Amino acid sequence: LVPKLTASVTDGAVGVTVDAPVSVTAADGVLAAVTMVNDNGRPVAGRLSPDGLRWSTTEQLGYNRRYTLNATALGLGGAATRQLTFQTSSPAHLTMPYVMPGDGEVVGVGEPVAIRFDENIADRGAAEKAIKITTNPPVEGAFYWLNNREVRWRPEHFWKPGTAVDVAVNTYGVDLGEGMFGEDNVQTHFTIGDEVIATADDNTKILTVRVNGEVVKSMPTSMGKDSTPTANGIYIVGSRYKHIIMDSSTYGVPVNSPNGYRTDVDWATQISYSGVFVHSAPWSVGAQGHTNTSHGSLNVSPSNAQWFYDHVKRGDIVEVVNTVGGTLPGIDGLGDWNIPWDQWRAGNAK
């Protein structure tokens, strides 16, 4: 038999994607040698399999390049040689993905996996396909887009403590639509810690922190007044700040408008992108536990706000009930759990 040469590309091909290696395989024989150079004549690092039947590139291939593949094979019935030249995808634009939570972080039972692209994603399906989530113990999850750039992944219910999550965003070489290609791959890993659920009950005006079902702290709170009430629902703990200036204009409300404000506060834990914080409020200690006086944030005592900062972590849960407000939007950025699972699972890749 004369040996036969097969490749993962064809001669004269254009738009060869670089999300996978280029490979050459031999049948009815073995590969004697395979070489690959780019348009500037430099070799491409590759490796021949021990059995001599498969050759594959071992380094990242580049965008908008011309490669020349040269392969020679040997069999009982003579030798076979081929040359192939192909062109890789030429993006119109590159987009870089940013993953949360951080690599090695320990986060609460509510933490969603977040892939924030820095461009609009025309082909949401292609993005979802390039993201591999792995969980141990394995638990079901699904993708849902909060806007044109950020997509989230979470299970039907809060994470189980101790679960290990692994995220591979393999977008390099992936055509994300309208000439948009991934700039790089990202790989992160995080672990779920203790179940921390804090319930802010407007009927008692108390914020109770439960760790694995055990009450560990009770905090009088003053939430948003009737005109600017705190919305009910599930809040995900975001960032923690030793101190921060709360600026209403960050959310589109001028500081000097009737509902505006600019307040430097201590021990601030963000629980919504709309501007809700758990923070120190020494001015409302008397009101805490009795009357709502804020623009929506959970006012608590300095010591309690500091305790919250020191003992609550990213991804923990704050649940607000019995307020005169509505329900936190599901696409706030930290309100993922207010979206019904059936709607989340269905997704919105379009």
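Start at 1 and count along the sequence shown; that's the residue number.
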property	result
Between the two ranges 252-260 and 119-127, the one averaging a larger CA B factor in the entry	252-260
Mean C-alpha temperature factor, higher of 79-87 and 159-167	79-87
Identity of residue with top Cα B-factor, from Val109, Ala268, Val139, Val276	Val139
Third assignment of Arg314 from its chain's C-alpha B-factors	lowest
Cα B factor band for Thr35 (lowest, middle or highest third within the chain)	highest
For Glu178, the third of its chain into which the C-alpha B factor falls	highest
Lowest, middle or highest third - CA B-factor, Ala73	highest
Third of the chain, ranked by Cα B-factor, where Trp55 sits	highest
